[PDB]
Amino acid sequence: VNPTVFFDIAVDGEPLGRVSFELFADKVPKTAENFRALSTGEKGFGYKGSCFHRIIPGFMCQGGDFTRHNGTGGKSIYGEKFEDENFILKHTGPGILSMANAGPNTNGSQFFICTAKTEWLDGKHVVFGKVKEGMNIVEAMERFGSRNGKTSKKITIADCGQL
């Protein structure tokens, strides 16, 4: 059975709500395991306390940089970066969970959640999950984004783990 993880989101320290993700371990086991482990913190580091540094209404909410907290960092449980596992799944609509990268085979910990279909990212970013509950939480997060992604409020993963 595919694992499920959760983020508890906070805006400037104030609870917003819980969003849960199904991670498609059946098609991308390596990429899903990295996200799962970073969500539990079991390797001694992970998403807890990190912020969503880039939110662009109409497209996606991007986060996952827990090493530098400025959108340049992050690391995987396999090392700083690891290879593109596969591109079987597509960015078909809101709720899709997919890996940020800086080109081929540069997956770290940064991820983005689609608020719309983003088909031109197919074959360039590894899709590995989907919002299970709390899409409206993600939509509420759009209220604090901007055209170039800078957020007007601090959007944090106040707690996270596996369900």
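The numbering used is simple: start at 1 and walk along the sequence shown.
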Should the higher mean CA B-factor in the entry be assigned to 102 to 110 or to 40 to 48? 40 to 48
Per the entry, which of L97, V28, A116, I56 tops the list for Cα B factor? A116
Chain-relative CA temperature factor third for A10: highest
Would you mind ranking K124 by its C-alpha B-factor against the rest of the chain and naming the third, lowest, middle or highest? middle
Entry-reported Cα temperature factor of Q62, expressed as the chain third it lands in: lowest
